[PDB]
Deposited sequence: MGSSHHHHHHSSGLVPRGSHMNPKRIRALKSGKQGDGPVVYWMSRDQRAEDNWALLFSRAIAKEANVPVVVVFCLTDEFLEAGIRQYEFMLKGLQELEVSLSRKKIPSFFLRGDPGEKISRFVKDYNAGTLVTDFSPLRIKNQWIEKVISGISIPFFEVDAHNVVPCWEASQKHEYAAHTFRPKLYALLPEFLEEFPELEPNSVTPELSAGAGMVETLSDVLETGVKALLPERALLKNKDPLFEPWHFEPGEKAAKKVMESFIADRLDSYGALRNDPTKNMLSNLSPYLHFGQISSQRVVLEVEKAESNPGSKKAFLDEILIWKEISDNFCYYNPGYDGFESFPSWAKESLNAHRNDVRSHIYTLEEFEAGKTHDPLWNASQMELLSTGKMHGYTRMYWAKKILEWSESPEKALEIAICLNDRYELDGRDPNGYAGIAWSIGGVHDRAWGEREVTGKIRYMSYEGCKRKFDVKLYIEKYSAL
C-alpha cells in the first residue's frame, strides 16, 4: 500500500472506536484505495471499520436521473459491504452536522474520506474539521496517480502533463489487494424510503415533453458495480478495437460508456486501465483510450485542484481572457435564453439534436459536447453568461455531471483551457471554432439529427 495515496487533513488523538470511512466520490466496495486504507488502519488498531454515506440537501439541484442511478448503486453496495461484515450507515442532511454527530455518537477513532477537488467537498471538509477531535485523513481513490503527486501546480497543456503522469505510472499502476472482511460484526433509514421521498420531491422538476411523458430514458445504463464491470468487458471485447477511429463519430456507439460509473465511483479507472493495458488490440486505439481516461481525466482533477475559480472566467488563460475581452462588444449573431437552450429551441438542428440526446439519455456524445458548448459561447451575451448556461445544463442533465471532467471540458470549450490560440474570429476571438460545415465533413450529421427528433 503506497503511503503517497493518503493525505492528512487534521491531527488528533485516536479514539478506541471504529474507523469511519466517509464515502462520497468512490461508491464501490472493490478497487477502493480509501476503503482499503480504512480496513488496514482498522486492522492495526484492532477495531472494525464502518462506512458512512451522507445524502446531502443538494440533490434537489439535479434531477431524478442522477438520484436513481446513485441510490440504486448504493442498494447494491450495501449488500456487498454487508457480505464483507462491514456495515453501512446512510445519513441524510448536512455532512458537517451528520458526520460530526456520528463520530461522537459511535466513539469513532479515525475518520477517512475519498478525494474530490470540487468546491462543495471542500465546504464539507471545513465544516467537519471544526467539529471533530480524532485524526482525519483523505485518500485519492479516483486517480491512478494521486492528484497532489502527479503535478505540484496547474498544467497549462496536455503535452506537459502527459510525461509527468506516464513517468509515475510504473509506481502507481498496480493490482488491488483483496478487501479483508471484518473479523466480527460490530455494534439512518432504508434507502428505498430515501429514494421514494426524494423522487417525490424531484417529480415537479422532472424533464418532460409536451405530451407530459418523461424525456429521460433509464434503460441505456443500468447502475451498479456489477453493471459497471460488464460495460467495461463489453468495451474491451467489442468496441476498443474501433475506438481510436470512431470515437469522433456521434452516429456510432463506439465509446466505452463508462462515464456514469466513473463519475459516481462505481468502477475504478485504475481497474479499467489495468484490463485495457493487458488486452491486445489496435495500438492506436489503445493509445487513444488511455489518453482519455488517464491524461484528460486526471488533468481535469488537476485543473479543479489547483484553480479555486475553476468554474469562473478568471481561470482562463491570459491569451483567452484578452481575446474574449477584445470581442465582448461584437454583435452576436444570436442570443438565446437559458430556457431556449434547455428545450433545444435554437436555429441549429445539430445543436438541438445534441441537446435532445442530453435530455433523453443523460449522456451526450463526446464530440457533440464540444460543439454544444462552443455554440453556447457564440450565442451568449458574454463569456460569463455562457459559462453559467453550460455548467447548468451539464450538471442538470448529464449522468456524469457535477464532475471535474465537466468543468475542465467546459473550460476547454469556452475558455481554451488546455488548448492553444487559433485563428482570430469575431465574438469568439482566438478560441477554437467548430462550424456546422466542419461536422458535416466529419460525420453524417443527418443521421445524428434524425435519431434525436
What portions of the deposited sequence, indexed from 1, have no corresponding C-alpha atom in the structure?
-> 1-20, 208-214, 481-482
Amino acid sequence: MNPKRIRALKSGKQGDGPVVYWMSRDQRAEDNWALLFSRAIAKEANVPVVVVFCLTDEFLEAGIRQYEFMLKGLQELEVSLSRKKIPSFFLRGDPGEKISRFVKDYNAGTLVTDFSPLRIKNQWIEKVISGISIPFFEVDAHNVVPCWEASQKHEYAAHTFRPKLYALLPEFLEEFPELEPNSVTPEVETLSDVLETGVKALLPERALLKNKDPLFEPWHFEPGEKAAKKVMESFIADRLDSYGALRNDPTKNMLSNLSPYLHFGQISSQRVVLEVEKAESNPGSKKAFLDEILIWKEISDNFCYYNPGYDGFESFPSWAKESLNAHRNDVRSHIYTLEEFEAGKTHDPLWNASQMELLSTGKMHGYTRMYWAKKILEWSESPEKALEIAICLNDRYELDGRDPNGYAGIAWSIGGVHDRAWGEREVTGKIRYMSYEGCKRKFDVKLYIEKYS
From here on, numbers count along this sequence of modelled residues.
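C-alpha atoms forming the largest set that superposes within 1.5 Å between two forms make up the rigid core.
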Should one compare 395-403 and 54-62 by root mean square Cα distance from the shown form in 5 other deposited structures of this protein, core superposed, the larger belongs to 54-62
Overlaying the structures in 5 other deposited structures of this protein on the rigid core, point out which of 154-162 and 194-202 has the bigger RMS C-alpha shift.
-> 194-202
Indicate yes or no: is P186 absent from the model in at least a third of the other PDB entries of this protein that were compared?
-> yes
Looking at the deposited entry, does 96-104 or 283-291 carry the larger mean Cα B-factor?
-> 96-104
Mean CA B-factor: is it higher for 299-307 or for 343-351?
-> 343-351
Which of these, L202, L195, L173, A150, has its C-alpha atom at the highest B-factor, as the entry lists it?
-> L195
Could you check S130, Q266, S259, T368 and tell me which one carries the biggest Cα B-factor in the deposited entry?
-> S130
On the chain's distribution of Cα B-factors, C439 falls within the third called highest
Could you say whether, by C-alpha temperature factor, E58 belongs to the lowest, middle or highest third of its chain?
-> middle
Looking at the entry's B-factor column for C-alpha atoms only, identify whether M23 ranks in the lowest, middle or highest third of its chain.
-> lowest
On the chain's distribution of Cα B-factors, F161 falls within the third called middle
Of the three thirds of Cα B-factor ranks in this chain, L393 occupies the lowest
